Amino acid sequence: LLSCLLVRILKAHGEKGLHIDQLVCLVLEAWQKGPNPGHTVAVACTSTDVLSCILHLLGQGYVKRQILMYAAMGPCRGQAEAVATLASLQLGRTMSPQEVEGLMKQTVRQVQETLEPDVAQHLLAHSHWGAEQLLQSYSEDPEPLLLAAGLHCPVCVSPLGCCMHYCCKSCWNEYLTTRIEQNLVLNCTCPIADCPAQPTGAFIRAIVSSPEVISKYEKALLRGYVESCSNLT
Amino acid sequence: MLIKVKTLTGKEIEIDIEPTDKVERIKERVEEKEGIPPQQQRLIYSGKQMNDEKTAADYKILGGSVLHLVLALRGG
Ligand SMILES: [Zn+2]
Ligand SMILES: [Zn+2]
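For each chain, numbering restarts from 1 and follows the sequence as written, which can differ from how the entry numbers it; residues lacking coordinates are not listed. To read the labels, note that chains go from A and ligands from 1, taken in the order they are written. Taken from a larger assembly, the chains shown here are the sole basis for all values reported. Side-chain descriptors were evaluated using all non-hydrogen atoms of the structure, hydrogens and water having been removed beforehand. Residues with missing side-chain atoms are left out of burial classes, side-chain pairs and their counts.

Going by the PDB entry, chain B carries the name NEDD8 and comes from Homo sapiens. The Subunit (literature references left out) field of the UniProt record for chain B holds the comment "Interacts with AHR; interaction is direct. Interacts with NUB1; interaction is direct. Interacts with ESR1 (By similarity)." UniProt positions are given in the numbering used here, feature names are shortened, and annotations may be inferred rather than shown by experiment. Note on chain B: under the UniProt heading Subcellular location, the record states "Nucleus".

Per the PDB entry, chain A goes by Cullin-9 and derives from Homo sapiens.

Engineer: Account for the overall build of chain A, with residues named and values stated.
Structural biologist: Where helices and strands are cited, they refer to DSSP runs of H or I of at least four residues and of E of at least two residues respectively, numbered from the N terminus. Along its length, chain A carries 11 helices and three strands. Counting from the amino terminus, chain A carries its helices and strands in the arrangement α-β-α-α-β-β-α-α-α-α-α-α-α-α. Judged by the C-alpha coordinates and their principal axes, chain A covers about 80 × 35 × 35 Å.

Engineer: Hey, could you go over the overall build of chain B for me, with residue numbers and the actual values?
Structural biologist: Tallying secondary structure elements over chain B gives one helix and five strands in all. Ordered by position from the N terminus, the helices and strands of chain B form the series β-β-α-β-β-β. Our radius of gyration is a C-alpha quantity, and the globule rule it is checked against amounts to 2.2 Å times the number of residues to the power 0.38. Rg of the C-alpha trace for chain B: 11 Å, near the compact-globule value of 11 Å for 76 residues, within the 12% margin. Once the C-alpha set of chain B is aligned to its principal axes, its extents read approximately 30 × 25 × 25 Å. In what follows, residue pairs with any heavy atoms lying within 4.5 Å of each other are defined as contacts. Residue pairs at least 24 apart in sequence account for 72% of intrachain contacts in chain B once pairs closer than 6 positions are excluded.

Engineer: Account for the pairing of strand β2 (residues 12-16) of chain B, naming residues and giving values.
Structural biologist: Residue and element names in this part refer to chain B. Two strands make a pair as long as DSSP finds a minimum of two bridges between them. When strand β1 (residues 2-6) meets β2, the two strands line up antiparallel, connected through five bridges. Residue pairing in the sheet places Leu2 in a bridge with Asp16 of β2. Counting the residues that bridge the hairpin from β1 to β2 gives five residues, and of these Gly10 lies at a positive phi of roughly 135°.

Engineer: With reference to specific residues and values, describe the sheet that holds strand β3 (residues 41-45) of chain B.
Structural biologist: Within a sheet, adjacent strands bond to each other through the backbone by hydrogen bonds, running parallel or antiparallel. All names here are of chain B. Taken together, the three strands give an open sheet; going across it, the order is β4-β3-β5, and neighbouring strands pair in antiparallel fashion. The open sheet terminates on both sides in strands that have one partner only, identified here as β4 (48-49) and β5 (68-71). Two elements, β3 and β4, share two bridges in a ladder whose sense is antiparallel. The residue of β4 that forms the bridge with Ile44 is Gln49.

Engineer: Quick rundown of the interface of chain A and chain B? Include the residues and the values.
Structural biologist: Taken residue by residue, the interface counts nine residues in chain A and 10 residues in chain B. Classifying every residue of the side of chain A that touches chain B by side-chain character gives four nonpolar, four polar and one charged. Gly counts as polar in this scheme, as do all residues outside two lists: the nonpolar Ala, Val, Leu, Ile, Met, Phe, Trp, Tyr, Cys and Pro, and the charged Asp, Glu, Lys and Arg.

Engineer: I'd love a proper account of the sheet that holds strand β1 (residues 18-19) of chain A, names of residues and values included.
Structural biologist: All names here are of chain A. Taken in spatial order, the three strands of this open sheet run β1-β3-β2, and their pairing is antiparallel. Strand pairing shows two members of the sheet lacking a second neighbour, β1 and β2 (63-64), which therefore form its edges. Here β2 runs beside strand β3 (residues 67-70); their pairing, made up of two bridges, is antiparallel. What sits directly across from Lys64, in β3, is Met69.

Engineer: Please give an account of the packing of helix α1 (residues 2-11) of chain A against helix α2 (residues 20-33) of chain A that cites residues and values.
Structural biologist: All names here are of chain A. Structural elements are reduced to axes, namely lines fitted to C-alpha atoms, with helices fitted over the stretch in contact, and the angle between N-to-C directions of any two is expressed from 0 to 180 degrees. Close contact between α1 and α2 brings their axes to 10 Å; oriented N to C, the two are set at 125°. Relative to α2, the element α1 lies oblique. Handedness of the crossing formed by α1 with α2: right-handed. Within the contact between the two elements, α1 uses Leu2, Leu5, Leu6, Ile9 and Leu10 and α2 uses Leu23, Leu26, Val27, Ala30 and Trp31. Orientation labels follow simple angle bins: below 35 degrees gives roughly parallel, above 145 gives roughly antiparallel, 65 to 115 gives roughly perpendicular, and whatever is left gives oblique. Here a crossing is called left-handed whenever its near helix is offset anticlockwise from the far helix by less than a right angle, and right-handed whenever the offset is clockwise.

Engineer: Please give an account of unusual backbone geometry that cites residues and values.
Structural biologist: All names here are of chain A. Unusually for a residue other than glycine, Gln79 sits at a positive phi of about 60°. Assignment of secondary structure puts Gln79 in the loop between β3 and α4 (82-87). The phi dihedral of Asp194 falls on the positive side, at around 55°, and the residue is not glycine. Inspection of the secondary structure assignment puts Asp194 in the loop between α9 (169-181) and α10 (201-207).

Dropping the structure here:
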């Protein structure tokens, strides 16, 4: 609720903007009058709350800068009686890699259910683990949102029997080993020209399924998720 | 007829509707307990965004079927 009020307040001022303490004054006054013109929604805010919410917004790239101003590809965040909780004002904690993998897996699973898991992970990576705004664009239009991820054997001149490239597993394994081993598996695609294909890692797991390859792929996904979360370090 | 709306975290809200209710009416009933202007709310059903003008009967919505809420602050 505090964030939505903030974004409306900062949307109202165009490029004129407001000072940081000016924005604080406006949001504090609004909450003092209360977003209630209700009781289900509305506790008393503090400057710490304003600074925390504007930190989240800055992390979402919605505010730019002593000057503070509104804004219009970037990073995202993990995003993971009543008076009893409300009185407890405070809320950073430290995560472990096992917990990180668990939360990332749960999030990708739930967003996949909201709309197959492999395509879900591929699209989430395509947006750099971005918000569901990518899904919002998908609901607006599939085609460009899909295009964001772009969703004798020729390579092995030795002949053998039999994205639109059903090549033998030898050259596919060679390409996958080269990419993963060189730590360049980011944005993997079909080496045949004009074949930008969003790779389902399970299909890539079919290309090569080495136990060291599994460790490399897991470490790579961990690094990629960690580097694209606005709050992680 | 009573249906459900699920936010992103997982919190569920239960709202009774009528076949002639508009998507704007549903958004109003949601913000009754959420206090979020409809400019920021978006409704998703079967992977399709709910058209605000349309009626709840247009999408053939039945009871219990969860219309997934999603936030959109930038827009509005
Ligand atoms: Zn080959
Ligand atoms: Zn190809």
